[PDB]
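Okay, my_file32.cif now, which holds mmCIF, C-alpha atoms:
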```cif
data_my_file
#
loop_
_atom_site.label_atom_id
_atom_site.label_comp_id
_atom_site.auth_asym_id
_atom_site.auth_seq_id
_atom_site.Cartn_x
_atom_site.Cartn_y
_atom_site.Cartn_z
CA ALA A 1 -93.72 101.20 -16.53
CA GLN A 2 -92.47 98.46 -14.21
CA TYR A 3 -95.37 98.79 -11.77
CA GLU A 4 -98.64 99.36 -13.60
CA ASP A 5 -102.20 99.94 -12.45
CA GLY A 6 -104.14 96.87 -13.49
CA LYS A 7 -101.05 94.67 -13.27
CA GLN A 8 -99.44 94.27 -9.82
CA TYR A 9 -102.20 96.27 -8.22
CA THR A 10 -105.51 97.91 -8.95
CA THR A 11 -106.74 101.31 -7.88
CA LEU A 12 -110.00 101.67 -6.01
CA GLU A 13 -112.42 103.81 -8.04
CA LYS A 14 -113.96 104.57 -4.68
CA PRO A 15 -111.00 105.29 -2.38
CA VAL A 16 -111.49 104.86 1.36
CA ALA A 17 -110.80 107.85 3.59
CA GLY A 18 -108.95 107.34 6.87
CA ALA A 19 -108.02 103.72 6.11
CA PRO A 20 -105.06 101.92 7.77
CA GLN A 21 -101.78 102.30 5.84
CA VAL A 22 -101.29 98.60 5.16
CA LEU A 23 -104.47 96.58 5.67
CA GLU A 24 -104.56 92.83 5.16
CA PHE A 25 -107.71 90.64 5.19
CA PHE A 26 -107.89 86.89 5.75
CA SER A 27 -110.06 84.01 6.92
CA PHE A 28 -108.89 80.98 8.88
CA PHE A 29 -111.06 79.01 6.39
CA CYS A 30 -109.21 80.44 3.41
CA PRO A 31 -106.75 77.99 1.76
CA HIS A 32 -104.57 80.64 0.04
CA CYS A 33 -104.53 82.44 3.40
CA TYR A 34 -103.06 79.37 5.07
CA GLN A 35 -100.39 79.36 2.34
CA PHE A 36 -99.80 83.11 2.82
CA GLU A 37 -99.29 82.79 6.52
CA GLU A 38 -97.76 79.36 7.03
CA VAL A 39 -95.76 78.78 3.84
CA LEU A 40 -95.06 82.22 2.29
CA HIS A 41 -95.03 84.41 5.42
CA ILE A 42 -96.38 87.34 3.40
CA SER A 43 -97.25 89.64 6.33
CA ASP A 44 -93.81 89.19 7.72
CA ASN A 45 -91.85 89.86 4.54
CA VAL A 46 -94.01 92.89 3.81
CA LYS A 47 -93.25 94.22 7.31
CA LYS A 48 -89.51 93.74 6.89
CA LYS A 49 -89.61 96.01 3.85
CA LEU A 50 -92.02 98.74 4.94
CA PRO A 51 -90.64 102.28 5.50
CA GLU A 52 -90.29 103.69 8.98
CA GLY A 53 -93.55 104.75 10.60
CA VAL A 54 -95.90 102.68 8.45
CA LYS A 55 -98.08 100.42 10.64
CA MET A 56 -99.53 97.06 9.62
CA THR A 57 -103.12 95.92 10.27
CA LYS A 58 -104.68 92.49 9.81
CA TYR A 59 -108.40 91.70 10.00
CA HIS A 60 -110.50 88.56 9.87
CA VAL A 61 -113.61 88.32 7.67
CA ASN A 62 -117.08 86.82 8.08
CA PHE A 63 -117.98 85.66 4.58
CA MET A 64 -116.32 82.22 4.82
CA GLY A 65 -117.33 79.37 7.08
CA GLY A 66 -120.73 80.60 8.22
CA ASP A 67 -121.37 80.53 11.93
CA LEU A 68 -117.83 79.44 12.80
CA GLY A 69 -116.45 82.11 10.49
CA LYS A 70 -118.15 84.79 12.60
CA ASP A 71 -116.86 83.17 15.79
CA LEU A 72 -113.37 83.38 14.34
CA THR A 73 -113.77 87.09 13.60
CA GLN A 74 -114.72 87.58 17.26
CA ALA A 75 -111.78 85.38 18.38
CA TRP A 76 -109.45 87.41 16.19
CA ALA A 77 -110.81 90.53 17.98
CA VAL A 78 -109.89 88.77 21.26
CA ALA A 79 -106.42 88.02 19.87
CA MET A 80 -105.93 91.68 18.91
CA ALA A 81 -107.28 92.98 22.21
CA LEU A 82 -104.95 90.72 24.24
CA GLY A 83 -102.05 91.11 21.82
CA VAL A 84 -101.64 87.38 21.34
CA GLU A 85 -101.91 87.19 17.54
CA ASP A 86 -98.47 85.60 17.15
CA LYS A 87 -99.46 82.83 19.52
CA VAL A 88 -102.80 81.75 18.09
CA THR A 89 -102.49 82.35 14.34
CA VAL A 90 -100.70 79.05 13.62
CA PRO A 91 -102.89 76.78 15.83
CA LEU A 92 -106.08 78.41 14.54
CA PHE A 93 -105.06 77.86 10.90
CA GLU A 94 -104.03 74.24 11.58
CA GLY A 95 -107.09 73.59 13.75
CA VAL A 96 -109.45 74.70 11.00
CA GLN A 97 -107.54 73.45 7.94
CA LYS A 98 -104.98 70.78 8.90
CA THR A 99 -106.31 68.74 11.82
CA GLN A 100 -109.92 70.02 11.49
CA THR A 101 -110.33 69.92 15.24
CA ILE A 102 -111.99 73.32 15.37
CA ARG A 103 -115.75 72.87 14.98
CA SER A 104 -117.17 75.13 17.67
CA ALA A 105 -116.52 78.31 19.61
CA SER A 106 -115.41 76.08 22.47
CA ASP A 107 -112.75 74.50 20.24
CA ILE A 108 -111.52 77.98 19.34
CA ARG A 109 -111.34 78.80 23.03
CA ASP A 110 -109.24 75.65 23.64
CA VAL A 111 -106.61 76.99 21.24
CA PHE A 112 -106.24 80.12 23.37
CA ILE A 113 -106.09 78.03 26.59
CA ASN A 114 -103.42 75.78 25.10
CA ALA A 115 -101.53 78.90 24.05
CA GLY A 116 -101.50 79.98 27.70
CA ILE A 117 -104.24 82.59 27.78
CA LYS A 118 -106.19 82.14 31.03
CA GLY A 119 -109.79 80.99 30.68
CA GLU A 120 -111.22 83.90 32.64
CA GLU A 121 -109.07 86.33 30.66
CA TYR A 122 -110.33 84.86 27.40
CA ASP A 123 -113.99 84.79 28.48
CA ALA A 124 -113.82 88.31 29.89
CA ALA A 125 -112.36 89.55 26.62
CA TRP A 126 -114.81 87.54 24.46
CA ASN A 127 -117.81 89.16 26.17
CA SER A 128 -116.29 92.66 26.36
CA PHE A 129 -117.45 95.75 24.49
CA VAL A 130 -113.87 96.55 23.54
CA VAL A 131 -113.96 93.29 21.56
CA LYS A 132 -117.44 94.14 20.18
CA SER A 133 -115.96 97.41 18.88
CA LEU A 134 -112.96 95.58 17.49
CA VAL A 135 -115.34 93.24 15.63
CA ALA A 136 -117.19 96.30 14.30
CA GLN A 137 -113.90 97.76 13.08
CA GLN A 138 -113.06 94.56 11.19
CA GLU A 139 -116.49 94.45 9.62
CA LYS A 140 -116.44 98.12 8.61
CA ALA A 141 -113.00 97.97 6.99
CA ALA A 142 -114.08 95.02 4.83
CA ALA A 143 -117.42 96.67 3.97
CA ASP A 144 -115.61 99.89 2.98
CA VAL A 145 -113.82 98.12 0.10
CA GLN A 146 -116.76 95.86 -0.76
CA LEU A 147 -114.60 92.85 0.05
CA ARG A 148 -115.67 89.53 -1.49
CA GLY A 149 -112.42 87.53 -1.53
CA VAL A 150 -109.37 86.80 0.60
CA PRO A 151 -106.40 86.97 0.98
CA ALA A 152 -106.42 90.68 0.17
CA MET A 153 -104.19 93.62 0.93
CA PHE A 154 -104.90 97.34 0.59
CA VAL A 155 -102.47 100.24 0.80
CA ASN A 156 -103.70 103.63 2.10
CA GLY A 157 -107.28 102.76 1.22
CA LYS A 158 -106.46 103.45 -2.39
CA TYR A 159 -104.62 100.46 -3.86
CA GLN A 160 -105.36 96.73 -3.86
CA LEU A 161 -102.60 94.18 -4.39
CA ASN A 162 -103.08 91.96 -7.44
CA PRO A 163 -100.96 88.82 -6.80
CA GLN A 164 -102.36 87.05 -9.87
CA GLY A 165 -100.03 89.26 -11.89
CA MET A 166 -96.84 87.66 -10.44
CA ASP A 167 -94.80 84.48 -11.24
CA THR A 168 -95.43 81.60 -8.82
CA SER A 169 -92.67 79.27 -10.16
CA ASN A 170 -90.44 80.04 -7.19
CA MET A 171 -92.13 80.76 -3.86
CA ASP A 172 -89.37 83.11 -2.57
CA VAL A 173 -89.46 85.34 -5.65
CA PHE A 174 -93.22 85.72 -5.48
CA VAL A 175 -93.06 86.82 -1.84
CA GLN A 176 -90.40 89.50 -2.51
CA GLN A 177 -92.28 90.81 -5.54
CA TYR A 178 -95.34 91.05 -3.34
CA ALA A 179 -93.39 92.81 -0.59
CA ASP A 180 -91.58 95.12 -3.02
CA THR A 181 -94.94 96.02 -4.59
CA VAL A 182 -96.38 96.95 -1.19
CA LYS A 183 -93.34 99.17 -0.50
CA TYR A 184 -93.70 100.89 -3.88
CA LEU A 185 -97.40 101.58 -3.25
CA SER A 186 -96.47 102.76 0.22
CA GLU A 187 -94.10 105.37 -1.22
CA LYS A 188 -96.68 106.54 -3.76
#
```

So, in terms of structure tokens, how does the structure I just supplied come out?
Amino acid sequence: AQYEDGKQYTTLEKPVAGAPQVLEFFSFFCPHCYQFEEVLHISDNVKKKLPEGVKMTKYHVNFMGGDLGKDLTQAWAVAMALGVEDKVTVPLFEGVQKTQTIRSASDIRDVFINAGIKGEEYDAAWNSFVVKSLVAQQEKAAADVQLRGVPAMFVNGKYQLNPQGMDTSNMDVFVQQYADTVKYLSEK
């Protein structure tokens, strides 16, 4: 066929019950993830093509960057809890990978402050149990699919995108193939 198991996607031989419909994993330490977000805008082109009533979820992972990697998972929980993802994603990526000015949890916090989140609001969130549970959720989702690499995307806990089976000659064409593949899997 045109879309084939083992080509544009793989099927989980251990499907995950109750998973989010479209679930994307990344790390702010992850170089292809920076490309995905900053250059290719994968999440966004996927969203523009998803059917009505299919929600999108994005989680951070621990297994890159050690101690700071874990801090970033907690900061991403803060971002989700406050609904400020679209304000901190770019400066976090550039802070870790471009300027390399993020070396501590305090440096992460500065990004939120600069983005206009109040210090007390950030600290309150950081220390909150709603954020602890949001961190748990991120960890559990990744554990459920035995995740060992990012970027990664999963559809309905059953299918995993396989971008290595797609032409990268043109960046635009790759993104639409990726998005179109997600839509196809979504309709499966």

Evaluate the PyMOL selection byres ((chain A and resi 75) around 9) on the structure here and hand back the selected residues as a PDB file with C-alpha atoms, in the coordinates of the input.
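The result, written out as expr15.pdb:
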```pdb
ATOM      1  CA  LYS A  70    -118.150  84.790  12.600  1.00  0.00           C
ATOM      2  CA  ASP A  71    -116.860  83.170  15.790  1.00  0.00           C
ATOM      3  CA  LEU A  72    -113.370  83.380  14.340  1.00  0.00           C
ATOM      4  CA  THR A  73    -113.770  87.090  13.600  1.00  0.00           C
ATOM      5  CA  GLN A  74    -114.720  87.580  17.260  1.00  0.00           C
ATOM      6  CA  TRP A  76    -109.450  87.410  16.190  1.00  0.00           C
ATOM      7  CA  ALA A  77    -110.810  90.530  17.980  1.00  0.00           C
ATOM      8  CA  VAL A  78    -109.890  88.770  21.260  1.00  0.00           C
ATOM      9  CA  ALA A  79    -106.420  88.020  19.870  1.00  0.00           C
ATOM     10  CA  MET A  80    -105.930  91.680  18.910  1.00  0.00           C
ATOM     11  CA  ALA A 105    -116.520  78.310  19.610  1.00  0.00           C
ATOM     12  CA  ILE A 108    -111.520  77.980  19.340  1.00  0.00           C
ATOM     13  CA  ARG A 109    -111.340  78.800  23.030  1.00  0.00           C
ATOM     14  CA  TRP A 126    -114.810  87.540  24.460  1.00  0.00           C
ATOM     15  CA  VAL A 131    -113.960  93.290  21.560  1.00  0.00           C
TER      16      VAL A 131
END
```

For stretch 149-183 of chain A against stretch 27-47 of chain A, with a cut-off of 8 Å and counting all atoms listed in the file, what is the closest atom pair and its distance in Å to one decimal for every residue that makes the cut, ordered by chain and number, as a Markdown table?
```
| residue | atom | partner | partner_atom | distance |
| --- | --- | --- | --- | --- |
| A:150 | CA | A:27 | CA | 6.9 |
| A:151 | CA | A:33 | CA | 5.5 |
| A:171 | CA | A:40 | CA | 7.0 |
| A:172 | CA | A:40 | CA | 7.5 |
| A:175 | CA | A:42 | CA | 6.2 |
| A:176 | CA | A:45 | CA | 7.2 |
| A:178 | CA | A:46 | CA | 7.5 |
| A:179 | CA | A:46 | CA | 4.4 |
| A:180 | CA | A:46 | CA | 7.6 |
| A:182 | CA | A:46 | CA | 6.9 |
| A:183 | CA | A:46 | CA | 7.6 |
```

Next, the residues of the selection above should be written as a CSV table (one decimal), in the coordinates of the input with C-alpha atoms.
```csv
chain,number,residue,atom,x,y,z
A,150,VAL,CA,-109.4,86.8,0.6
A,151,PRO,CA,-106.4,87.0,1.0
A,171,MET,CA,-92.1,80.8,-3.9
A,172,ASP,CA,-89.4,83.1,-2.6
A,175,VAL,CA,-93.1,86.8,-1.8
A,176,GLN,CA,-90.4,89.5,-2.5
A,178,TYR,CA,-95.3,91.0,-3.3
A,179,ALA,CA,-93.4,92.8,-0.6
A,180,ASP,CA,-91.6,95.1,-3.0
A,182,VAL,CA,-96.4,97.0,-1.2
A,183,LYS,CA,-93.3,99.2,-0.5
```

Query - atom CA of residue A:59 to atom CA of residue A:26, straight-line distance in Å - result: 6.4 Å

Requested in this report: Just say which residues the PyMOL selection byres ((chain A and resi 96) around 10) picks in this file, as a PyMOL selection string.
Outcome: chain A and resi 28-30+34+65+68+91-95+97-103+107-108

Report summary line: Restricting to all atoms listed in the file, whichever of A:17, A:12, A:115, A:22 is closest to residue A:86 is A:115

Give the centre and edge lengths of an axis-aligned box, in Å to one decimal, that holds all listed atoms of stretch 47-60 of chain A with 3 Å on each side, as AutoDock Vina command-line options.
```
--center_x -100.0 --center_y 96.7 --center_z 7.2 --size_x 27.0 --size_y 22.2 --size_z 12.8
```

Query - Contacts of stretch 152-162 of chain A within 6 Å, all atoms listed in the file, excl. fewer than 2 positions in-chain, as an NGL selection string - result: :A and (8-12 or 15-16 or 19 or 21-25 or 150 or 164)

Query raised in the report: Rounded to one decimal in Å, what is the spacing between atom CA of residue A:129 and atom CA of residue A:56?
Result: 23.3 Å
